[PDB]
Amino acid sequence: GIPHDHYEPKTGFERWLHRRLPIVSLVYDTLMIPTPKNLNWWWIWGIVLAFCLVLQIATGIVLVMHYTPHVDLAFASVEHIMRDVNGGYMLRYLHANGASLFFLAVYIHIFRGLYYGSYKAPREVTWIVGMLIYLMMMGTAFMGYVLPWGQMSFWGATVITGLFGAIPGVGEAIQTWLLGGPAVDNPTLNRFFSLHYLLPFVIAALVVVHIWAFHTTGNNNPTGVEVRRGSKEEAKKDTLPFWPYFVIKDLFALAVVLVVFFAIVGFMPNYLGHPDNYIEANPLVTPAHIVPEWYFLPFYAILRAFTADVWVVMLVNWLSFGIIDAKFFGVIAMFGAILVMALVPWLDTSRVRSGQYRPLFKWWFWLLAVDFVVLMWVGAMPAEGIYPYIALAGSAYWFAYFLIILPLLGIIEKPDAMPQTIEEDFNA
């Protein structure tokens, strides 16, 4: 642990209280954790996420007060929220764009991580808890999206419950169990409503375990060079207390982010969503232009990329005696896409931590990044080639990167020269 100065009670109350519940000691060691002084603006997406978590829940508890999860009343209830509830429209738009800020921020957050080696020893556990939170966010977000019971909610609901039905052997049963019958209907609406309420609390718990983990290892920094533990005078040279120094850097950055957020919420409340969810779920028609929520677009792209035409799909269909067809492959590829990202600490064998000092890495990493935006992009374009090709290239790059490129550089690459201490870095 990092030499740090710990809490000492003086007040009569603080003495009294310390003996019985040392809750102030806990607060103190949290707000005063020693942070590397050289952190850059990338380190701010954590506080933005915490903000989003607290914002989705606050607006959510309060939307539930005026929402009805019944197929005959869900959509009307959202309309009544928009029209009649004090500040209704605003809360509704906050919770909705809210979700988008949330994903905007995780992706950035995550990518900072993938660039700076924040998943490499000893921070693997932080990362894995990060990935749970991530899975949970996605599940959470999908269910909420069903809640208005628009056309997107419904076909969105059919399709994602469809993913489980792809599992050979047990898939129809998991599907029937999630649905609550033979088709997306009121039982579906009604259970997703429960889980939408529950899951954000599980996410908050994981976030507590999240913060706990990075406090145990200490924050990472742009250099990948750990705070010195040799003495307090050294560690002080490399760090600063989280409070007031980064709480305020953080709050400022958040403020700038919220400046855009509210701009959007005030003037472009609906540009980041699909108009089409302003039409009422219709179980007889799926709408011609049906595009997932943007934050889901890359994984979606990875999904359709895998049609019967595709060679890896025919090879595998064949080797598998038909058990893995394009339908199952595409799903596997999609959760696979997520999982191999999860496993990165055991794939990136390079012993150097930060990408800053890796010169072959910087290239493959931006390609990765571009890949991710480009995938988002195609997901929003029709199948009809040349997009499928662009989607396939994209995916193959995604797996290539974690499965091949990162292990390669284990052996190939040569670190440029690092600064020796954080304090070093800072002085430049």
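Numbering starts at 1 and runs along the sequence shown.
Remark: stretch with higher mean C-alpha B factor among 291-299 and 338-346 is 338-346. Remark: stretch with higher mean C-alpha B factor among 131-139 and 231-239 is 231-239. As recorded in the PDB entry, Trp318 shows the highest C-alpha B-factor of the residues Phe214, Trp149, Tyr116, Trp318. When the C-alpha B-factors of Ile44, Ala50, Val62, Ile33 are ranked from the entry, the top spot goes to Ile33. Ranked by C-alpha B-factor against the other modelled residues of its chain, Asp309 falls in the highest third. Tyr357: CA B factor in the highest third of modelled residues in this chain (values from the PDB entry). Ranked by Cα temperature factor within the chain, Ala58 sits in the lowest third according to the deposited record.
When the modelled residues of the chain are ordered by their C-alpha B factor, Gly385 lands in the highest third. The deposited CA B-factor of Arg351 belongs to the highest third of values across its chain.
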